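Participant: Structure of the sequence below:
(chains A, B and C)
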Amino acid sequence: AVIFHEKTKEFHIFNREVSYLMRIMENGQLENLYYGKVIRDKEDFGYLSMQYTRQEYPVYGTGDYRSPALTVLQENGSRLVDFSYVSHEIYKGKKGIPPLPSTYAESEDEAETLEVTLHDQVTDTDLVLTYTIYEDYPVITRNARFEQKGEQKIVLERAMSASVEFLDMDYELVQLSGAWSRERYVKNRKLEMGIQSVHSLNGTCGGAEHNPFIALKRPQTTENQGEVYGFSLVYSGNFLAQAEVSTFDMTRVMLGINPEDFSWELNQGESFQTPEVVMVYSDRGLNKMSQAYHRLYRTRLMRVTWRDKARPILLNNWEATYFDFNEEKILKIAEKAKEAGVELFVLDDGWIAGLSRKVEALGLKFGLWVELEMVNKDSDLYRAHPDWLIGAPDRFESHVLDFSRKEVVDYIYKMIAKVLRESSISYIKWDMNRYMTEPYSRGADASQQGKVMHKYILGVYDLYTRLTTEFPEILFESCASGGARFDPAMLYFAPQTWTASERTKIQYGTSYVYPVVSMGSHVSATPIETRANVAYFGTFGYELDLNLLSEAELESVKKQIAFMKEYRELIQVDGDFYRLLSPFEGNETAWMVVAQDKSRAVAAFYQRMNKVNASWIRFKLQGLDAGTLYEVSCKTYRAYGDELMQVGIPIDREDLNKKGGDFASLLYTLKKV
Amino acid sequence: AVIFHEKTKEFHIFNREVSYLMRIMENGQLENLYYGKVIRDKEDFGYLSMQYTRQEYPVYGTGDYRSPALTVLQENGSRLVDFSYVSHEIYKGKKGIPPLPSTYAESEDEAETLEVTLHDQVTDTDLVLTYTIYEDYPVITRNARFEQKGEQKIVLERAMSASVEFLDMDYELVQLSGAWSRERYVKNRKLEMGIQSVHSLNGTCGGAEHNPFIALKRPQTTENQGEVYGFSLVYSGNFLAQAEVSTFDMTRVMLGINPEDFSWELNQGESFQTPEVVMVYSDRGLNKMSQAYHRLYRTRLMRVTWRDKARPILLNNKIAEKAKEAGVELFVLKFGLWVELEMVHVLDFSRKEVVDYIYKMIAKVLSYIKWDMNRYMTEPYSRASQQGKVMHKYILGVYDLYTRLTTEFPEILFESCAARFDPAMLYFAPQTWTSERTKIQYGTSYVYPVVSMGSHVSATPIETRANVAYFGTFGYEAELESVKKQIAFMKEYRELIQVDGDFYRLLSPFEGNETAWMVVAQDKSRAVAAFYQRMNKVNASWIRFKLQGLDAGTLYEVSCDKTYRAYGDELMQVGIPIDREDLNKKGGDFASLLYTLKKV
Amino acid sequence: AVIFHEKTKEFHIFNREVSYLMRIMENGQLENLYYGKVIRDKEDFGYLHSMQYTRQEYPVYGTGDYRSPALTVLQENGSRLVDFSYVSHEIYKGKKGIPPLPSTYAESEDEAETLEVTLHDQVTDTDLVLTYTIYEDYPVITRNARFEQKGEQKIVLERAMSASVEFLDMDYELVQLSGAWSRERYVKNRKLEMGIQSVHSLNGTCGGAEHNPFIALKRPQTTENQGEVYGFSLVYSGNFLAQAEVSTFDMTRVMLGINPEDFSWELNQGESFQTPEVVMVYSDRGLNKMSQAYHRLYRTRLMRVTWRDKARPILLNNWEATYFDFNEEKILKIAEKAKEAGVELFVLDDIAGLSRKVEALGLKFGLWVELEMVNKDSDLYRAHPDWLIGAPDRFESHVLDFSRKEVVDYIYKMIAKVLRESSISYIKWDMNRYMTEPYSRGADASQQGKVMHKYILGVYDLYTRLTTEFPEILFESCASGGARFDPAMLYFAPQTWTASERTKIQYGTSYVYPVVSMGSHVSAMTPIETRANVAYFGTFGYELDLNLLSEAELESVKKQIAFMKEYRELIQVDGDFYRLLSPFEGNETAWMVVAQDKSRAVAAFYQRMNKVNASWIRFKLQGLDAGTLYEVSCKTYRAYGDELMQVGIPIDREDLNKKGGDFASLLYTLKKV
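Facilitator: Numbers count the residues shown, from 1 in each chain, chains lettered A, B, ... in the order given. Take a look:
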């Protein structure tokens, strides 16, 4: 799928519906030509002065006067660098960057890879650019890598993964942002002459106010037609998503790691790796782009032994920090299992090895709650190794343990593994609810400062690596209270995570890029029916006390559990998410799930505020198969596919008025014949 | 006046037109309380983490999670820093910045100054914040200074000049952007979560891409009513103008020099001075802000010589040619010259050797001299700890060269061309060089005075070009007698257009195809107005263009350059009727008209 | 305030705030010149000077007219062509009064002027009179028309518009007030484009049931505090037609009047026709000042005297008593619930001895009465089957005819017989049906074109005679529908009937109606306090069942009654309404009332959606003097007027949270020193 026309010195990245053209300029740099819909192969695209050309990896210190993408600092105090093409090679299959998480390929003819090498002469460093194209998907990935061959000591202050340029300034930025309890809201803004960007500086976790995602769509693009470009970045630390335009009407969008406190330094024989981006092109709409992400992340990125199974039905329990009484817990589960029929029970706080075997023998699994920090009073590390705590000297400390140093990592792994080795724990839940302040390391030289954030992230990554390669049979939750680690990397390590009108808006916002399975939803102590109807789509759980609920509620939860146990196979692992109505610019939301052979479906309709004496409603589905006699239920009638998609399902708005107040909802079920 | 309210530790500053208030908080930092319309005095404005409060000089790494305005690197390798109030004092006047240009006060009853000292104990560094309030105008200036008293070295990585915060995001950023041949086109955008900014990294030229000026206005503000805020930076090097809104709807703007390739080292006993910013508030539209800026720049900024004096008419390309004296006062090839003192391919003004060499070389041959530069910069390196100061030192070098020349020869009038149209040059070079020129002049008039722009007439008829070129400095580059009549007119009104007048903008080239402006004397005695079309139409409706900034009292004589008399009120509401296809099509497209409004 | 410059033949009406300027053309028609800000009087306006392009006062089709006409008369020749010419004019002082319809008045003959111009046609020998009135110390102008027949020829009228105002440019917006019932009188604004934009009402009876007869025309940048805005209102209750039309030459034209869909009035020798009145208000400060002008004018010079200054009484209603004709339970009610709580008016829904008993307890009495409706069973039907309204050989499904005088006199005799014996002091008239088959069985073929305009005059004269016989009875001109809410009913009946979907209705309708006319009520999700906080503004009333209520509620109702009885003098009869925040943009609402002298005020605001982790709010008020110190909150502090207007009152968002959920209210009160 990759060919090199030697006569013109240009490349071509084929696919079924994606094309990418590159060329080697006279100066020796790399220039883009086209990127979008597929193009038939031609032998010469010749017919198609910096600051006026589209580059692949710009560098400051030349005629180009826009924002750069790379910045080095030599010993003599200069920021000038340039370097050109020396060699390249075409490979087959993903190789994988070792220290960082990434995607992978199972077979051999599933993907293709191109690696091109560029070399600098004055400072003697090497830069390697990697491109990857997936068969059967419209997805392209890229990254970069630095290697030093000479003796000079260089310092890296700016390093971005990707850089893409266009020739037209008529687009419409899209971003996901919001504070906690209202996070991942959809915002969109028009491009204007200058700079527009989003970023994050929380330190410990990823973006808590912004999400490492950014889109670029035409003004007329809607859920069903139009052009759209999507960029996603695989990282958990500080980042920067910038999209500037120039007065000459050219757009340049870049992703990468935040250069706010990046001061990485290289020596001879050392090397540096950078996170990779994922680019998807869709000419049919946001539905198609979101489906591309859903399929790719569900299949090619999540850990094996969890891609085909369906998640269990958890049942946490709230309390007032009572005592460690044994009989009450064992009686509680017996009630829950015998009656409700759930399949997993989790204990919280500390309120235990012997307790693990009893629960398993009863007919259900077990789970725990863990947090990884230290306290200045009783952790005994404060009186054992005071320096292991983070914080600069002579500065007041407002605690978080230092994961930069390898010894700490090993201490915890040897300690936590001591607990995960004799009991039958099959579920655990990681927590983090603190922001990094005063990021100074007491175990590093003054010249090695500025690597602290990246080293911290690498440390948490390799701790997860060791733990999950030692005990490959348990499940993980990314976060419990922070709600700010919702990034693809944690999905690679922890298969899921934690996130009613607020819930509807949040889920609609977050379904642009992440799959439905990874979303964690629960039912808390508005009738239970609407909460169940909104919590069906995703992981399903309960946080309730069985004593406080009457028998009618027990029958209701039994029915709900039966329904979810029936349909979770379709909803989670084999389906396609379709968005129909938007919570924004309206007061109604709607979505549905359709199997891969167009044979079953589940559609839901929600309301936010009651309307009196309003108009009647038509509910138009999508994604079905025309010319197939579907049978709709929930009252049954039969209808063809095309007319059901085109005239919609009638909705009697008095019927939802009976269902409740201000939070009515409905479900529908389809079949084949 | 300014008061310090020692009981509650609050500082109040005001010109009877606006009221700004600060407060010393618990940890010794400063806060912001209110900034806008003037308010009276109470004694206790007490009823009114760090990431939610409003501060006027933020620092990163102590709980704040937004872009900081200060970043210093210490030997230990850390980048953390704290400052606390230690003392304060009050001046009367304006001491001014020794090494950098600034606005100057002449009498001591014209402005009052506040200075607050903040001290850091770990690095033994001093921070001084300076505020100035002008009497008779609603303007405020700020800057900062850094002093080191200890022994260890520290390095400045980012030093901004201002930081102002609000409590709502309901605004609309106004910027002034463009490219070569089309500079300074007005653009509007809506504030939204994230960061939006304008920057410039060109080199020696001062804002070749965006002019260093931003505004911030309500959605409903037109040219005649509404609120507006104005920020202007007096500098010629690389700059940056952020505007960030958080998720709690808290806007925060900041101005300063670009931190892209800035790294200043401070040793024992050393000092660093930052450029000064100027703020203006208005509650009656953009016009009020425009007159405030215009009057201020040409009142206490431009040289004391070319202030009450009009500008000479000029001509470009010997005694035989100069014998054609049709009213021309000055010739360029009295006498004027043109030089390029910076190209040889670019000199290095950071060192003093080249400065002295060129000074002697020019003073050897040294009433009108120009200055040209046609290249930006390339490979910013100088022949190891001072490599980051090259841009700022180059700017300081051209600044001191200008100072020496203007101190030596006090009469020679200098211009400038390249677009380096900053408020810096005007301090040394009082004037600068600049159909299509209609939109360029309209945009530039938001901040700069009308005398600043240098207009010329090239070789469609000539009358329209003359009409558009009257406003500014008039110049040149069967028909000769018309040229005699043109210079006859310009010599009659330049005492009003140039020195004593107020500029008003009536129609807008954007969102239309008309353009209208006019000037008015200090009192309402005389005026001149003009209305330029662009492309002629057909079956258009009748026209009745009105007037503003005018007295609602006495009579006027509307000499349609047919004379009729009318009161001020009507001229405000009904307007002057214009008959399309009778006079506008009489000349064709690009039609223009003039008017006069003598009083009695 | 009116001067005729006979040398130039132009009129000039001015009021030290507005200026209307007219001219007489060469062919005998009237041409407009200017309308807007006041102008000093000059000696001549010659320079301000093809029938389709000139601006004409009262346009007529034909004779070169090509836009929509304003007058259309049919003659026996079959022609439809007329023209008029100026013959005379008259000037005097004080309003005179249109006898058949209602209108504003002047009480001192030094507060108004008048101009009457006469136009004559010779082919048909008919006369037309145009009237103009100007109020001193108000920016308001009125105008109407009148038709007279002199010759023996017969004419038939098909179009009759009350007014026609026209401008020079299309840069405007249209502000209409339109909605269905239970969501009535919203605000929809619409731009102007080449063509026709209009609103109308074809309902047979009541009218104004989906489009209130009001229209505005404001600049695009006009807000509640600055801008230029025009106002037009129509004093009528039947079918109306408000039409704004623009031409390809960019010249708007707005006209009001009667809907000509079923208007076929004819004029015989010596007859006459009178058309309704329009009211025009110009404001240069904004919608607040325009609304204040309407409020003051309608409250003073249009509402019936003997009620313009006294405050309305607190009333109580009982509908939840179901339907049982027992006795002494109502006595126990009025004795120990209503009287004790402090309500002075007790309204009974659906003899004479009971009324006297109620007065002994110290209360007034009320009643409910539907007048224009009959049932086939009703004795009236059996005895007089033709008195109804309908057509032969047509089905219908019963409205009683008022075109005939016999029905009017019968109804008046019956109702006066009822009222004389009892001590009634409050009556609520009702009408909850529309008119279908508008045909009369008493007129001949020629007169079957005026019944819809005729019975409106019938009901007008019925109220005239009733209210002049009993000049001490309050009237409420609605009980279900809220469609008779227009100025004429206000002239006859001082007031009428009307949380979420109520704080928006009131905000919408307060543009052109004083807050005295509001028929607010309290009825029993939400707490009682937040409903009272909305019901305070306007007439206060209760619709509850005090028998079924707990003591905690009866302890708060007394406080509510005390507060309303304290502040109703300020709120109703002497105060200026100010609008601060609008519900059609955000999710908050706010208003306040200020006394005539800046001495005291009351403010409040509401929210509709509960928010979490939101931003700070500075509730800033206006319409107040920056003179002195005053503030009380509910403790208190002190502040100057200017500071209070510019920085506002801080609001702690936690305080709203504890004051209930999703519907939070606050009340503030000011003082002098």
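Participant: Quick check: residues of the stretch 151-300 of chain A near chain B?
Facilitator: If contact is defined as CB under 8 Å from any CB of the partner chain, the residues of the stretch 151-300 of chain A in contact with chain B are A:175, A:177-179, A:187, A:189-190, A:192-199, A:201-202, A:209-210, A:247-248, A:261. Yep, even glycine has a C-beta here, placed from its N, CA and C like the rest.
Participant: Any of these buried? List them.
Facilitator: A:175, A:177-179, A:187, A:189, A:192-199, A:201-202, A:209-210, A:247, A:261 (16 or more other CB atoms under 10 Å in any protein chain shown).
Participant: and the closest residue to residue A:275 other than its chain neighbours, helix, strand or coil?
Facilitator: Nearest residue to residue A:275, sequence neighbours excluded (CB to CB, 6 or more residues apart in numbering or on different chains): residue A:235, at 4.3 Å. Three-state secondary structure (criterion: DSSP: H, G, I helix; E, B strand; the rest coil) places residue A:235 in coil.
Participant: Help me confirm that residue A:235 comes into contact with residue A:485.
Facilitator: No - if you go by CB atoms under 8 Å, residue A:235 and residue A:485 don't touch, sitting 11.3 Å apart.
Participant: who touches the residue in the stretch 451-600 of chain A that chain B sits nearest to in this structure?
Facilitator: Closest to chain B within the stretch 451-600 of chain A is residue A:452: 10.2 Å, counting by CB to the nearest CB. Contact analysis of residue A:452 by CB atoms under 8 Å, 6 or more residues apart in numbering or on different chains lists A:404, A:439, A:440, A:441, A:444.
Participant: sorry, back to before: anything in contact with each of residue A:235 and residue A:485?
Facilitator: Any residue near both residue A:235 and residue A:485 by CB under 8 Å, 6+ apart counts here, and that gives residue A:206.
Participant: So which residues of chain A form helices?
Facilitator: A:286-300, A:326-335, A:353-362, A:406-419, A:452-470, A:488-493, A:501-510, A:528-535, A:551-568, A:641-646, A:653-659 (DSSP state H).
Participant: Which residue is the nearest non-sequential neighbour of residue A:644?
Facilitator: In space, residue A:644 is closest to residue A:621, 6.0 Å off (CB to CB, 6+ apart).
Participant: Over to residue A:224?
Facilitator: Distances taken as CB to CB, 6+ apart place residue A:285 nearest to residue A:224, at 5.2 Å, with adjacent residues excluded.
Participant: Tell me the spacing between that neighbour and residue A:34.
Facilitator: Per CB to CB, to the nearest Å, residue A:285 is found 22 Å from residue A:34.
Participant: In terms of packing, which of the two has more residues around it?
Facilitator: residue A:285 (19 against 15; other CB atoms under 10 Å in any protein chain shown).
Participant: how about the more buried one, what does it touch?
Facilitator: Contact partners of residue A:285, counting by CB under 8 Å, 6+ apart, are A:221, A:222, A:223, A:224, A:225, A:226, A:228.
Participant: try residue A:297
Facilitator: So residue A:297 contacts A:488, A:491, A:514, A:515, A:518 (CB under 8 Å, 6+ apart).
Participant: wait, isn't the fourth one in contact with residue A:292?
Facilitator: Which is residue A:515. No - Residue A:515 is beyond contact range of residue A:292, at 11.2 Å (criterion: CB under 8 Å).
Participant: more neighbours, these two?
Facilitator: Taking other CB under 10 Å, residue A:515 and residue A:292 do not tie; residue A:515 has more neighbours (25 against 20).
Participant: Quick check: phi and psi at the more buried one.
Facilitator: phi -70, psi 160 (degrees, to the nearest 10).
Participant: how near is it to chain C?
Facilitator: Separation of residue A:515 from chain C (CB to the nearest CB, to the nearest Å): 27 Å.
Participant: ok, now which ones touch that residue?
Facilitator: Residue A:515 touches A:293, A:294, A:297, A:298, counting by CB under 8 Å, 6+ apart.
Participant: Residue A:124 now?
Facilitator: Here residue A:124 is in contact with A:148, A:149, A:150, A:151, A:152 (CB under 8 Å, 6+ apart).
Participant: Equivalent analysis for residue A:463, please.
Facilitator: By CB under 8 Å, 6+ apart, the residues touching residue A:463 are A:403, A:409, A:412, A:413.
Participant: change it to 6 Å
Facilitator: With contact taken as CB atoms under 6 Å, 6 or more residues apart in numbering or on different chains, residue A:463 is in contact with residue A:409.
Participant: likewise residue A:542?
Facilitator: Taking CB under 6 Å, 6+ apart, one finds A:315, A:523 in contact with residue A:542.
Participant: closest point of the stretch 451-600 of chain A to chain C, which residue?
Facilitator: residue A:502 (8.3 Å).
Participant: Just the buried residues of the contacts of residue A:124.
Facilitator: A:148, A:152.
Participant: Can you lay out the contacts of residue A:124 as JSON lines showing distance to residue C:315?
Facilitator: Below are the contacts of residue A:124 laid out as JSON lines (distance: CB to CB, whole Å):
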{"residue": "A:148", "distance to residue C:315": "90"}
{"residue": "A:149", "distance to residue C:315": "94"}
{"residue": "A:150", "distance to residue C:315": "95"}
{"residue": "A:151", "distance to residue C:315": "97"}
{"residue": "A:152", "distance to residue C:315": "93"}
